[PDB]
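As C-alpha cells, the structure follows; a few thoughts come after it.
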Amino acid sequence: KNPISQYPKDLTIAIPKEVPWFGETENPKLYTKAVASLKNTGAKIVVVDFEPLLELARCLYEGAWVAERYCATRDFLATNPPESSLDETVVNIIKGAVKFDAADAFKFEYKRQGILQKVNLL
Amino acid sequence: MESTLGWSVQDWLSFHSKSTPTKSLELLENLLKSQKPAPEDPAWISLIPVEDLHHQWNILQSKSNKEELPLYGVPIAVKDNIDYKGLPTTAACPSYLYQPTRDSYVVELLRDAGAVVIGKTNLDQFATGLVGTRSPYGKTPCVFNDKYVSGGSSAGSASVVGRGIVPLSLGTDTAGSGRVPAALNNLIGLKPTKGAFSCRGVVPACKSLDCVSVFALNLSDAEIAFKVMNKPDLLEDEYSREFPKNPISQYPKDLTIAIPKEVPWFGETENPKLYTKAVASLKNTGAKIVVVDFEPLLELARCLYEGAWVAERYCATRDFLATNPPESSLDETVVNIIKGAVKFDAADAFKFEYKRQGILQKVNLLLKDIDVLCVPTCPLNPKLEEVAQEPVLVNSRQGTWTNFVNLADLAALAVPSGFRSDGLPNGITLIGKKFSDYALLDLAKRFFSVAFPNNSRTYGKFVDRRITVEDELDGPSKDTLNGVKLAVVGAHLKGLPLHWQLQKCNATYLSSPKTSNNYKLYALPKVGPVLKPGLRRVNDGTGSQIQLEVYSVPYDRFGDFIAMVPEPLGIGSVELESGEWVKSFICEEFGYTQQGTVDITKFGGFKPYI
Amino acid sequence: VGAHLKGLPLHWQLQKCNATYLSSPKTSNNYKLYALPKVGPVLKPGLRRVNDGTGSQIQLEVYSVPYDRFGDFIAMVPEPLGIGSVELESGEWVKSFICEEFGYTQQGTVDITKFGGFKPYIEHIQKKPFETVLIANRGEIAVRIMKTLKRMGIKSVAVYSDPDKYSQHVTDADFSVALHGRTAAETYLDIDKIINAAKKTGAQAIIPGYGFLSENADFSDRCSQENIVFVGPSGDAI
Amino acid sequence: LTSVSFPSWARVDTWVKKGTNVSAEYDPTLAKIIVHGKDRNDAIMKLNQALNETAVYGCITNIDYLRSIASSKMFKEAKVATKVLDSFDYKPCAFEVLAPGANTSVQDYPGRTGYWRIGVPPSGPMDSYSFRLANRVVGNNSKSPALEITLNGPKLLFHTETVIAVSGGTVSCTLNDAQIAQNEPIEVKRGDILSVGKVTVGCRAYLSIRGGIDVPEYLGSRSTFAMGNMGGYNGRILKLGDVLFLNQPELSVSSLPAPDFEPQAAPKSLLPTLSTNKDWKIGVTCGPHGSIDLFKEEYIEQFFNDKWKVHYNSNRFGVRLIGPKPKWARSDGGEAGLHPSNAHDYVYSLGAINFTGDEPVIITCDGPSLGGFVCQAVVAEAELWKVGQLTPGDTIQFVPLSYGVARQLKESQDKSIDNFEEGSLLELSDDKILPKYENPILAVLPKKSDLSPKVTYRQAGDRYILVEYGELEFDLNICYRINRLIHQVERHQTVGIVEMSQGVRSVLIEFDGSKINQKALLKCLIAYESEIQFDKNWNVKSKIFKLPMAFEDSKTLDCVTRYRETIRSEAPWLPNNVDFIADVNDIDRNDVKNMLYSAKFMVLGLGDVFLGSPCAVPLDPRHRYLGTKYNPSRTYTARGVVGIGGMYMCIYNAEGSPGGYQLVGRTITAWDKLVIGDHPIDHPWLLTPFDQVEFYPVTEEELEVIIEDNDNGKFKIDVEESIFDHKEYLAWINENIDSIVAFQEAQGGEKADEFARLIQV
C-alpha cells in the first residue's frame, strides 16, 4: 500500500563513472543530452562506480542462470525436434547449461548475494 | 579451591569482581586442567594450551572498562565448525584440519565482550546430522545417561554446557543442530533469525540456510550472548543481515500459538506426555492455542530432503574430497550423503528452488494470522545403539520438527519441558517470525513460570539445583530504539484503561518525569466509560509540575497510535522539568472549557485523582 | 490549514512523507484562525474551535498520510502546534493541526478568521530605495548598517584603511574599496577617496554612520554635487 | 582577541570575534550589549546577566567596570546624573603590577597535559613541589593558578583583600616594607604592596593567592607557554601595568575552583631541601639510550661519576649542561644524521637528558617532544623540581635510581601535599640509590618477518616505556605498525596508560604507576604486539597540504647568522646550511632547491619541534639526502622556517624555538593557535601523521603577504582529503626500482665520512 507516486524535484540520479560504447559514435551524444535534460529538471546527478552492478550482470552470462532456460526447455529438447524448427545460436546457448552442477549453481548464488550486499549499500 | 561446575555467567562475573586478577586466572587454569581432549572426552576435539589461556587473559587485562564487559573472563566452548585463531579448525575431520589466522566474527565479538575460549568442541562431521554419532573423534553421550546419544550436529557444545563446564557454547543449525541437542540435554538452545549472527569464519555447509547458534543453561545467559553476537557483517558474509530497529520484546499475553494437527511420534510413548503437558502450560499463560494443519510446512521440509540443498555441502567440500584423504578420516554416512549432490545439475537445483518458492507462498498465507508455532523439539531420545542399527532413519525422524525453520526464514528457541519416567529430559521449541528472538525468550520466561512453578526449574544435568533469578531478561537494550519520545498524562498511564494502546503499537517505557512549572491538569466531562484528562500550558504564572510517563513509540507505528486519539485530545509537544521538549498529549482549549470540567492540578498527576 | 498548504513553505514536508492530496474542504462554522507571532522566516496559523456563537468556516486541505510515515511527519511539528482532530463542514471528523492555548495567547497574535483561510491572509500582506549603497564608516556601525542592507536585498560597499583590511565590515560587504593609509585623516576622512570609492563601485548612495564625515557639510554637499545620495540631512542643516 | 563570547539572547552590535586585532588608532569600541526587558527592573537584571555572560580576552576591557556600574545601588535606584560616573567608586577585585620581575608567569599544575604526542608541553611550574606547597599553604584547590617567579620578583599593589604565600627559593619578601615569612599564610589588606626581591638560593619561587588567579584556560590549562603566546596572562610574562583578577566568592562570577582548606603554615618537615652551595645530587632512571649500542661503557660511567655545570643558556625549554664529552659506539647516525648522537626522531621523556650533538641538556616543562638525538637518562618525575632551582654555575651529579624508588619519592610528595602532616616527605638518601647504573633495555623481541620487525623496549623515565621498531632504519611499514600498536591498546582499552606518542620508528608510552606498574605494562605490550595483523597492502586517510615556501629568505639566513655569532661560528654545516646539504651529497645547491619543490613529504610524527611541528620524510627515496643536525643545537629559530635533519624535513611551527635541523627556507606555521585559519581542521595542529606536505615556490615578499593573510584567516590553505595506498606505493617503487637502487648504492663514501668525522668535533 501507498506506492510512491513521485520522486522529489530533488532526487538523486546516479550515472555510471564508465560508459563503454564499443566504437559507436552517435548514441553517446543523445546520452549526454539526456543527462543534461535530467539535470535541468532540478535532479541531483552523481557519478557512481557501476563495477559491482556490471559484476552482477556478467553472472547472468558466465554464471548458471542459463540453467533456468535449460530447466524450462530440456524435456522438449530431448525429443530432438527437427533442426530447422530450432535456431542454432539459441539452442547452443541453452545447452551450455549442461556444464553446471547443482553445486556450481549455489557457488554462483553465493557470489550474487555478495554483490547484492555491495549494491544495496551503494 | 572451589567448584565451578554449573556456574551461570553471573556466577562467573561475581567471582571476578570480588577476586584478584591472579586468583581468577587460577580458577580458569584449574578449569582448563580438569578437561580432557581427543577420545578420552569425546566432547572436546581440542583444548587450549596453558600459554594460550595466558595470552587471552593478558589480552583481557589489557581492557579498561572491564566491569562493562558483559562476558568478562567467562569461559565458553565453540563448535569445531567455527574459527578461533588460538586453535585449529577441524569440522570433525582429522585430515581437513586447518589453522585459521583470524577469529570468527562471532568469536571475535564474544572476546570483545570478555569471554575466553577453552576449546573446540566435537560435532557430526561437516555438521551433517542430528545425532552426534558421526565423528571419528568419538560419540558424545547424553549428559544424563551414557547409553544415549547427545544429539547433533552440535554434540560437544551441548555436552559441555549440560554438565556446566562452561555456561555458554556456540553451535550451528541448518535443520536442527542447535535445537535437538538442547532437548536431549536439558538446555536452552537459541537458533537466531537468519543472518543475525555473522557466519564469517565458520566452514560453509549449506551457506544459504546456515545459522550460528547458542547453548545456555538459562534464559539470562542466552540473552547476553544474543546481544553480543547479533551484529551485521554485510561485506564479509554474503548472508549477513542487520536486525531492524524497534524489535518486539514481548508477545501479547493473547498471542496465537499454533500447534500441529498431526503429531507423529513413531512408536515413542513417554515424550507425548511432556508435549501435551507443555501445551496445557502455554494455554495457562493466557495464550490462544490454535490447532493447525502443518501440511505446507512439511511440504517445505520434504523439499529440503528431496531437493538439491545437499549440493551446498558438496560445494563446500568437493575440492577437498577430490584430494582423496585417508578413509579413516571420514564418516561414511556423512560422505555418502554429501556425494548424493553429484546427481543434481544446475537445472535440477532451480526446479526445486521453484517448488520451494511455491510452497512458501502457502506457508506465508498460513502464518499471516499466527504469532508463534509450538512444536516438540524432537520426537525421540535415541539410544547410541539405536542409531547404530538405523543410522539414517533415526536422523530423519529427529528432523520432523526442525527442517522447515530456516527455509521459511523463521527464528526458534528450544526450551525444556521436563522429564520422562526414565529420567531423561525433552522439551519444546517455540518458533517465531523474522526478528522475534527477544520475544521468544520472554515467551519462554512466561512458559517457565507456569511449567516450573515455585522456582522448580532444573538445568543441564543439575537435577537438584533450582533456577531462581537466572531466567530473567533485560529485554532489548535502548540501543535498538528509534521512535518518538511521547509523554502521556492520562488514560494511557500504566494501570489505567488505555495503556494497552501503547503495547499494541510496541511502545517502550523510558521514564516518568514531570512537566516544568507551567501546566494545569483538568478532568474532562466523562462521556464514554473512561474519564479523560487534558494538559494545559499556562503562563499567567500559576502552573504546577504535572506527572508524566514517557514512552518510545516506533516511527512506523506512530500512525497506528495517533489514529486512536479522538477529539478533543491531540499530540503536540510538552516541556519537562529538565527543560527538554518531548511529544505529548495536549488538549484543545474547547476541551477543558466545557461545563463539567474540573481543575485537577492540585493532585500533581492523574493517578492521585482517579 | 497553514504552511503545509500547496504553494506554502512547509508543503515539502507532506511530499517527504509520501502524502497524497484528497480534497479541499472547510471546517464547520466552529473555528477561528490566528496568525501566530512570526519568529522564524515562516509564518504559522493556529486553529481554535469554540463553543460558539462566533466561529467561522476555515479552508483546509486534506491529505492521506501513510500510517507508516505519520511518525516522520509529526517529528517535524513543533510547539505550540499539534495534531488533533477537526470537524469538517460535512460533519466528518478528521485528523488536523490544532494549537495550544498558550499558542494563540502570545503578544503579536492576530485574529485572522475574517479571511476565512490562511492563503487569503498571506496575500493581503504581499520598494527598494537603492540598488547599491556605500558605507562611509568602519567598525560596529558599518557591520550593523550592512545587516539591514543585506536583509533589504541592497548591495553594500565597504571602505577600509590598512589596519582595517581584515575587519568584519570588509568581510560582510558585497564589495569593498581599499583606501590606502593608516590614520583617520589619511582614509575615512578623505572626501575625495570616499567619493571616488562610491563612483568606482557605482553606489547610488552613501550612508555615513556617526563620527568621521557624518556631520561634515562639505561632504554632504559633495555628494549632492556628484549625484550620490547622502543618507543624512542637507549640508545646510548641518 | 583570544576568545570572544557574547550572550546570544541579547542584541550585541559588534565587529569582533576570536582572532580580531584591536588597534589603538580609531576608537576602542568592541561591542555594544543591548538588552530588552518588560520594564526598567527586568532590564537592569537582564543587563547584569548579559555582562556576566560576556567573555572577551586578549585586550583589557571595561567589562568589570561595566559590571560594577550595572550592579550599583545607584543605577538601580536611578540616582543617575551626568556627574555620577566622575565620582564613582570603582575597585577591581584584583592586583596590579607595579613592577614585573625578570620572568613572572601565571602557572598551574599539572599544567597543559594531554597533548605531548602533538608537542604541546605541559608548562606549569618548573619546580612543581614548591608550587604545590605554596598553593596548599593558602588552602587552594590544587588546580589553582599561581605565579612563578624567576631570579627576581614583582612588586604588586593589591586592590582588594586576600591571603598570600611564597614558597621555593630564598627571596626577601616585603609587605608594605616589613619582611614577611615564606611558607606562611600572609593576610593582605588593600593598598598593600607585596614585593618579592632577588632569589638568593635556587632559581625560582611561587606566589599563591587564596582562590587563585582569574585567567582563561587554553587547551585545558591556565599555564603560560610563552614561546607559543599561549595561556596565562595573555600568553606572556607579566609587564609593568598589568592587572590580574582574583576570585572573591561574593564579588565574583568565576569558574575557578574554590579553596578546599583553611590556610596553614607548611609543616617544616615537608619543606624541600634546596642545595646550600650551588651543588646538587639529582636522581634519574637510566635510559633510554644509556647502553653500549650507542655510548661507550666508560662514557656511561663518566656520565654518572663526573659533575655537570649549568650553562648560561638555560630556561624553561631546558637546562643546558657543561661537562665531559661523549665517546660514541657508532661512527655516525646514518640516514637520521651523521653525528653519532643523531637518532631517528622519537618522542622524548619529560626530564630526559638529551645529547644535542656532544652536549646535553635537561628537557623541562616548556621543552621539546619529538626530537632527533639520543637521550641518556631521565630525571625522575619527583626529582625535576631540583632542575627548576638550578642557576648557571651550579654543579650537579646524576644519581641512578630504580623505578620503584622513583615512585616512592613521588608518592611521598602527593601524600605530603594531600594531608599536610609532619614527616611524610621522602628525599634522596644513599640507601635509596642504585650501586651502579643499570641497563635501560627492558626486553628485546627478535625479528620474525618483514612486517613484524624486532622490538626494543626501553625504560624512559619514571613515567614511560619507549617502544622501538626495527634496526636503526626507516621503513614506512613500521609507521603503520605503530598506528596498529596504538589501536591494540585502544581495542584493548588498557587501564593505566596515559598517552601514546608517535615517532618515526617508535612510540612513547606514558603510564600512571598508581594504575599499572612498569613490569605489567611491559608484558601487556609484549603481548599486544603479537596481535597486530596487517599486510603490505594497507591504506590510511591522508590529507595533502600544498604550502608556499621562500627559499633561503632573510629570516632563515639570519637564524644561521645568529647561530654563527652567538654559539658556533664555524662547523662543517656552516656558514651556509644548504651548501652543506649540497656538498655532502655531491649535488648543486639548486638540486637541493629542486627536491624541496618536488618531493612529497609524509608526516611521520608531530612536535618536531613544538606545537604540531612535523617530522616528515620524502616519499621518493631519491629525495633522501645525507646531512646532520646541529652540534650543538640553536637556541632560536624563526616561525615557519623549514628544516632538513639528515633525511627528514620539519616546519618550525613556533616563533623562537630551539632547533637543530639544517635551515633551508620558510613557510607558514602549521599551528593555528586560535583555529581561525581558512582550512577544514578543527584543532590548532594542522597536520596528522600520514599526511603529505608539498612545497611550491614564492618570493620572500610574496610570503610575508601570505603570512599576514593567514594570521587573520584570510589565506586559503590548499588541502585535499585523500587516501595513501601502500599497495599503490609499492607499485610505484617497482616502476622506479632501478633509479632508486642506483641512487642508493651511490650515496655515501669517503667524502661523507670525512664530514662525519669533522661534524663530531
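How things are named: the first chain in the C-alpha cells is A, the next is B, and so on; residues count from 1 in each chain; ligands count from 1 in the order shown.
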
Q | Spatial neighbours of segment 344-357 of chain B, 10 Å, only C-alpha atoms, chain gap at least 2 places, as a PyMOL selection string | A | (chain A and resi 64-74+97-106) or (chain B and resi 299-304+306-311+340-342+359-363+407-408)

Write the residues of the selection above to a file with C-alpha atoms, as an mmCIF file, in the first residue's frame.
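To be explicit, this is the file written out as out-v4.cif:
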```
data_model
loop_
_atom_site.group_PDB
_atom_site.id
_atom_site.type_symbol
_atom_site.label_atom_id
_atom_site.label_comp_id
_atom_site.auth_asym_id
_atom_site.auth_seq_id
_atom_site.Cartn_x
_atom_site.Cartn_y
_atom_site.Cartn_z
ATOM 1 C CA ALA A 64 24.453 -20.653 -14.052
ATOM 2 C CA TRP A 65 21.217 -18.738 -14.669
ATOM 3 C CA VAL A 66 21.463 -20.107 -18.190
ATOM 4 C CA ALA A 67 20.389 -23.386 -16.489
ATOM 5 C CA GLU A 68 16.960 -21.839 -15.851
ATOM 6 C CA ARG A 69 16.363 -21.909 -19.618
ATOM 7 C CA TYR A 70 17.682 -25.397 -19.849
ATOM 8 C CA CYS A 71 15.381 -26.374 -16.988
ATOM 9 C CA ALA A 72 12.456 -24.829 -18.799
ATOM 10 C CA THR A 73 13.332 -26.375 -22.118
ATOM 11 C CA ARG A 74 15.204 -29.752 -21.697
ATOM 12 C CA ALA A 97 23.767 -25.269 -19.018
ATOM 13 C CA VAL A 98 24.858 -28.917 -19.001
ATOM 14 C CA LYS A 99 28.282 -27.604 -17.791
ATOM 15 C CA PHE A 100 26.884 -26.639 -14.369
ATOM 16 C CA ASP A 101 26.451 -28.634 -11.202
ATOM 17 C CA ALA A 102 23.877 -28.061 -8.551
ATOM 18 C CA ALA A 103 26.955 -27.144 -6.578
ATOM 19 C CA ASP A 104 28.002 -24.766 -9.312
ATOM 20 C CA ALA A 105 24.615 -23.064 -9.181
ATOM 21 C CA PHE A 106 24.982 -22.416 -5.487
ATOM 22 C CA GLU B 299 5.924 -29.976 2.190
ATOM 23 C CA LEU B 300 8.686 -27.427 2.776
ATOM 24 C CA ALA B 301 10.594 -29.925 4.919
ATOM 25 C CA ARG B 302 10.231 -32.539 2.172
ATOM 26 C CA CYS B 303 11.540 -30.064 -0.401
ATOM 27 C CA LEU B 304 14.722 -29.831 1.708
ATOM 28 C CA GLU B 306 14.169 -34.175 -1.892
ATOM 29 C CA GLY B 307 15.984 -31.174 -3.234
ATOM 30 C CA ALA B 308 19.488 -30.117 -4.190
ATOM 31 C CA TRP B 309 20.419 -28.289 -0.993
ATOM 32 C CA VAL B 310 22.858 -31.182 -0.390
ATOM 33 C CA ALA B 311 24.824 -29.563 -3.217
ATOM 34 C CA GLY B 340 24.325 -37.508 -3.310
ATOM 35 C CA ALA B 341 24.825 -33.987 -4.674
ATOM 36 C CA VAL B 342 26.616 -35.240 -7.787
ATOM 37 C CA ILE B 359 5.456 -23.786 -1.037
ATOM 38 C CA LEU B 360 6.470 -20.565 0.732
ATOM 39 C CA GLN B 361 3.506 -18.735 -0.822
ATOM 40 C CA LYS B 362 1.354 -21.264 1.008
ATOM 41 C CA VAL B 363 3.448 -21.034 4.151
ATOM 42 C CA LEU B 407 13.807 -22.373 4.691
ATOM 43 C CA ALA B 408 10.909 -20.256 5.978
#
```

Q. What are the DSSP alpha helix (DSSP H) residues of segment 388-600 of chain B, as JSON, numbers by chain?
A. {"B": [388, 389, 393, 394, 395, 396, 397, 398, 437, 438, 439, 440, 441, 442, 443, 444, 445, 446, 447, 448, 449, 450, 451, 499, 500, 501, 502, 503, 504, 558, 559, 560, 561, 562]}

Residue selection dump (C-alpha atoms) as a PDB file, in the first residue's frame:
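Contents of out_17.pdb, as written:
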```
ATOM      1  CA  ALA B 388      23.998 -47.640  15.103  1.00  0.00           C
ATOM      2  CA  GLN B 389      21.222 -50.002  13.918  1.00  0.00           C
ATOM      3  CA  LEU B 393      16.095 -43.315   9.711  1.00  0.00           C
ATOM      4  CA  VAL B 394      16.637 -42.050  13.273  1.00  0.00           C
ATOM      5  CA  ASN B 395      18.188 -38.928  11.859  1.00  0.00           C
ATOM      6  CA  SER B 396      15.222 -38.341   9.501  1.00  0.00           C
ATOM      7  CA  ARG B 397      12.775 -38.631  12.384  1.00  0.00           C
ATOM      8  CA  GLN B 398      14.768 -36.298  14.608  1.00  0.00           C
ATOM      9  CA  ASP B 437      14.192 -13.591  19.081  1.00  0.00           C
ATOM     10  CA  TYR B 438      13.716 -11.272  22.075  1.00  0.00           C
ATOM     11  CA  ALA B 439      10.019 -12.047  22.316  1.00  0.00           C
ATOM     12  CA  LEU B 440      10.643 -15.796  22.093  1.00  0.00           C
ATOM     13  CA  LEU B 441      12.978 -15.516  25.063  1.00  0.00           C
ATOM     14  CA  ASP B 442      10.290 -13.695  27.036  1.00  0.00           C
ATOM     15  CA  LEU B 443       7.666 -16.222  25.991  1.00  0.00           C
ATOM     16  CA  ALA B 444       9.905 -18.967  27.352  1.00  0.00           C
ATOM     17  CA  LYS B 445      10.144 -16.974  30.602  1.00  0.00           C
ATOM     18  CA  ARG B 446       6.375 -16.919  30.830  1.00  0.00           C
ATOM     19  CA  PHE B 447       6.098 -20.592  29.865  1.00  0.00           C
ATOM     20  CA  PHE B 448       8.684 -21.470  32.525  1.00  0.00           C
ATOM     21  CA  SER B 449       6.860 -19.677  35.350  1.00  0.00           C
ATOM     22  CA  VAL B 450       3.826 -21.914  34.758  1.00  0.00           C
ATOM     23  CA  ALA B 451       5.516 -25.182  33.793  1.00  0.00           C
ATOM     24  CA  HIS B 499      -2.283   1.556  28.490  1.00  0.00           C
ATOM     25  CA  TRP B 500      -2.887  -1.368  26.097  1.00  0.00           C
ATOM     26  CA  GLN B 501      -2.877   1.042  23.165  1.00  0.00           C
ATOM     27  CA  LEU B 502       0.794   1.703  23.856  1.00  0.00           C
ATOM     28  CA  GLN B 503       1.541  -2.008  23.964  1.00  0.00           C
ATOM     29  CA  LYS B 504      -0.337  -2.579  20.674  1.00  0.00           C
ATOM     30  CA  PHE B 558       3.001   6.193  15.471  1.00  0.00           C
ATOM     31  CA  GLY B 559       0.323   6.416  12.786  1.00  0.00           C
ATOM     32  CA  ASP B 560      -1.465   3.494  14.371  1.00  0.00           C
ATOM     33  CA  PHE B 561      -1.305   5.135  17.788  1.00  0.00           C
ATOM     34  CA  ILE B 562      -2.499   8.626  16.870  1.00  0.00           C
TER      35      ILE B 562
END
```

Q. Excluding same-chain residues fewer than 4 positions from residue 188 of chain B, what lies within 10 Å of it counting only C-alpha atoms, as a ChimeraX atom specification?
A. /B:158,161-162,168,178-179,181-183,214-219,221-222,413-416,427,429,441,444,459-460

Given the selection you just returned, output its residues as a file containing N, CA, C and O atoms, formatted as a compact mmCIF listing (two decimals), in the first residue's frame.
```txt
# COMPACT_ATOMS: atom_id res chain seq x y z
N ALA B 158 26.68 -29.13 23.41
CA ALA B 158 25.59 -29.42 24.32
C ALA B 158 26.10 -30.11 25.57
O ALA B 158 25.76 -29.70 26.69
N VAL B 161 28.01 -27.80 27.94
CA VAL B 161 27.13 -26.90 28.68
C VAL B 161 26.26 -27.68 29.66
O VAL B 161 26.16 -27.33 30.84
N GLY B 162 25.61 -28.73 29.16
CA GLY B 162 24.82 -29.61 30.01
C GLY B 162 25.40 -30.06 31.34
O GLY B 162 24.64 -30.24 32.29
N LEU B 168 28.18 -21.15 28.48
CA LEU B 168 27.71 -20.86 27.13
C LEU B 168 28.55 -21.59 26.09
O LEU B 168 29.77 -21.70 26.23
N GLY B 178 21.07 -26.98 16.46
CA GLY B 178 21.17 -26.18 17.66
C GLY B 178 19.95 -26.33 18.53
O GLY B 178 19.86 -25.71 19.58
N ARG B 179 19.00 -27.15 18.08
CA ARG B 179 17.77 -27.38 18.84
C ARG B 179 17.65 -28.78 19.45
O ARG B 179 17.30 -28.92 20.62
N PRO B 181 20.02 -31.08 20.27
CA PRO B 181 20.86 -31.35 21.44
C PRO B 181 20.46 -30.59 22.71
O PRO B 181 20.89 -30.97 23.81
N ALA B 182 19.65 -29.54 22.58
CA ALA B 182 19.20 -28.79 23.74
C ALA B 182 18.15 -29.61 24.47
O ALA B 182 18.16 -29.72 25.69
N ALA B 183 17.24 -30.20 23.70
CA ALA B 183 16.18 -31.01 24.27
C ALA B 183 16.77 -32.21 25.00
O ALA B 183 16.41 -32.48 26.14
N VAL B 214 23.38 -20.83 19.86
CA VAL B 214 23.90 -20.78 21.22
C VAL B 214 23.22 -21.79 22.14
O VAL B 214 22.01 -22.02 22.08
N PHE B 215 24.04 -22.40 22.99
CA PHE B 215 23.53 -23.15 24.12
C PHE B 215 23.79 -22.45 25.43
O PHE B 215 24.83 -21.82 25.63
N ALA B 216 22.84 -22.55 26.34
CA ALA B 216 22.95 -21.93 27.65
C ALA B 216 22.16 -22.76 28.65
O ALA B 216 21.36 -23.62 28.27
N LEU B 217 22.38 -22.51 29.93
CA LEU B 217 21.62 -23.21 30.95
C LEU B 217 20.35 -22.46 31.29
O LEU B 217 19.39 -23.04 31.80
N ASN B 218 20.35 -21.17 30.99
CA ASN B 218 19.26 -20.30 31.37
C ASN B 218 19.01 -19.18 30.36
O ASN B 218 19.87 -18.86 29.54
N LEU B 219 17.81 -18.61 30.43
CA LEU B 219 17.41 -17.53 29.53
C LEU B 219 18.34 -16.32 29.59
O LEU B 219 18.72 -15.77 28.56
N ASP B 221 21.46 -15.97 30.16
CA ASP B 221 22.78 -16.09 29.55
C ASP B 221 22.64 -16.16 28.04
O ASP B 221 23.41 -15.55 27.31
N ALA B 222 21.64 -16.90 27.57
CA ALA B 222 21.27 -16.89 26.16
C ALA B 222 21.00 -15.49 25.64
O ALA B 222 21.44 -15.13 24.54
N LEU B 413 13.60 -21.22 19.42
CA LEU B 413 14.17 -21.33 20.75
C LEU B 413 13.70 -22.68 21.30
O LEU B 413 12.51 -22.91 21.53
N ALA B 414 14.66 -23.56 21.54
CA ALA B 414 14.41 -24.86 22.13
C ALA B 414 14.58 -24.78 23.63
O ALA B 414 15.59 -24.31 24.14
N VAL B 415 13.56 -25.24 24.34
CA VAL B 415 13.42 -24.92 25.75
C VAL B 415 12.87 -26.16 26.47
O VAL B 415 12.01 -26.86 25.94
N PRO B 416 13.41 -26.47 27.66
CA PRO B 416 12.97 -27.68 28.37
C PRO B 416 11.48 -27.74 28.69
O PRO B 416 10.86 -26.70 28.93
N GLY B 427 11.82 -31.41 25.51
CA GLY B 427 11.21 -30.10 25.58
C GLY B 427 10.59 -29.64 24.29
O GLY B 427 10.42 -30.41 23.35
N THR B 429 10.33 -26.55 21.21
CA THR B 429 10.86 -25.36 20.54
C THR B 429 9.70 -24.46 20.08
O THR B 429 8.73 -24.92 19.48
N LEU B 441 12.30 -15.33 23.79
CA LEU B 441 12.98 -15.52 25.06
C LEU B 441 11.96 -15.25 26.16
O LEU B 441 11.85 -16.01 27.12
N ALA B 444 9.35 -17.86 26.59
CA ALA B 444 9.91 -18.97 27.35
C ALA B 444 9.80 -18.67 28.84
O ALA B 444 9.41 -19.53 29.63
N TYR B 459 18.33 -27.35 35.42
CA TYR B 459 19.11 -27.01 34.24
C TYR B 459 20.29 -27.95 34.06
O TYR B 459 20.92 -28.36 35.04
N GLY B 460 20.60 -28.27 32.81
CA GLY B 460 21.64 -29.24 32.49
C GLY B 460 21.45 -30.55 33.23
O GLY B 460 20.31 -30.97 33.46
```

Q: From a DSSP pass on the backbone, collect the residues of segment 7-109 of chain A flagged as strand (DSSP E or B) and hand them back as a PyMOL selection string.
A: chain A and resi 12-16+44-48+101

Can those selected residues be exported to a file as a PDB file, in the first residue's frame so that it contains C-alpha atoms?
```pdb
ATOM      1  CA  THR A  12      19.472  11.700  -6.590  1.00  0.00           C
ATOM      2  CA  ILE A  13      20.021  10.214 -10.053  1.00  0.00           C
ATOM      3  CA  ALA A  14      23.148   8.013 -10.456  1.00  0.00           C
ATOM      4  CA  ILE A  15      25.005   7.620 -13.786  1.00  0.00           C
ATOM      5  CA  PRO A  16      27.996   5.377 -14.452  1.00  0.00           C
ATOM      6  CA  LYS A  44      20.931  15.905  -8.436  1.00  0.00           C
ATOM      7  CA  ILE A  45      23.298  13.844 -10.674  1.00  0.00           C
ATOM      8  CA  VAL A  46      26.061  11.832  -9.009  1.00  0.00           C
ATOM      9  CA  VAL A  47      28.693   9.902 -10.911  1.00  0.00           C
ATOM     10  CA  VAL A  48      28.998   6.480  -9.426  1.00  0.00           C
ATOM     11  CA  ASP A 101      26.451 -28.634 -11.202  1.00  0.00           C
TER      12      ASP A 101
END
```

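Minimum atom-to-atom distance to residue 211 of chain C, evaluated using only C-alpha atoms, belongs to C:138 out of C:169, C:138, C:150, C:114.
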
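Using only C-alpha atoms, we find that the part of chain D lying within 8 Å of chain C comprises residues 13, 14, 15, 16, 20, 23, 25, 26, 29, 30, 31, 712 and 714 of chain D.
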
Suppose we keep N, CA and C atoms; can you now write the selection as a CSV table (one decimal), in the first residue's frame?
```csv
chain,number,residue,atom,x,y,z
D,13,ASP,N,25.8,44.5,19.1
D,13,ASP,CA,26.3,45.1,17.9
D,13,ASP,C,27.7,45.2,18.1
D,14,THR,N,28.5,44.4,17.3
D,14,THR,CA,29.9,44.4,17.4
D,14,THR,C,30.5,44.2,16.1
D,15,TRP,N,31.9,44.1,16.0
D,15,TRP,CA,32.6,43.8,14.8
D,15,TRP,C,33.7,42.9,15.1
D,16,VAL,N,33.7,42.3,16.2
D,16,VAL,CA,34.8,41.4,16.6
D,16,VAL,C,34.5,40.0,17.0
D,20,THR,N,40.3,38.6,16.0
D,20,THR,CA,40.4,40.1,15.7
D,20,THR,C,41.5,40.8,16.4
D,23,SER,N,43.2,47.6,17.3
D,23,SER,CA,44.2,48.7,17.4
D,23,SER,C,43.8,49.9,18.2
D,25,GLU,N,44.3,52.9,17.1
D,25,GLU,CA,44.2,54.0,16.1
D,25,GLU,C,42.9,54.8,16.2
D,26,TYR,N,41.7,54.2,16.1
D,26,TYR,CA,40.5,54.9,15.7
D,26,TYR,C,39.6,55.3,16.9
D,29,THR,N,35.9,51.0,20.7
D,29,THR,CA,34.7,50.3,20.9
D,29,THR,C,34.9,48.8,20.4
D,30,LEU,N,34.4,47.9,21.2
D,30,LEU,CA,34.5,46.5,20.9
D,30,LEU,C,33.1,46.0,20.5
D,31,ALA,N,32.1,46.4,21.2
D,31,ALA,CA,30.8,45.8,21.2
D,31,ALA,C,29.8,46.7,21.9
D,712,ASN,N,45.3,36.1,9.9
D,712,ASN,CA,44.0,36.7,10.1
D,712,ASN,C,42.9,35.9,9.4
D,714,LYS,N,42.6,35.0,6.4
D,714,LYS,CA,42.3,35.3,5.0
D,714,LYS,C,43.2,34.6,4.0
```

Q. Within 9 Å of chain C, which residues of chain A show up when using only C-alpha atoms, listed as a ChimeraX atom specification?
A. /A:1-8

Q.
Which residues are near residue 47 of chain D? Cut-off 9 Å, only C-alpha atoms, ignore same chain within fewer than 3 positions. Put them as a ChimeraX atom specification.
A. /D:10,33-36,42-44,50-52,67,70

Q) Leaving out residue 68 of chain B and any residue of its chain fewer than 3 positions from it, which residues lie within 10 Å of it when counting only C-alpha atoms, given as a PyMOL selection string? A) chain B and resi 64-65+71-72+113-114

Q.
Can you work out which residues from chain B touch chain C at a cut-off of 7 Å (counting only C-alpha atoms) and hand them back as a list in words?
A.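 So the residues of chain B near chain C are residues 537, 538, 555, 556, 557, 558, 559, 560, 566, 567, 568, 569, 570, 571, 572, 573, 588, 589 and 590 of chain B.
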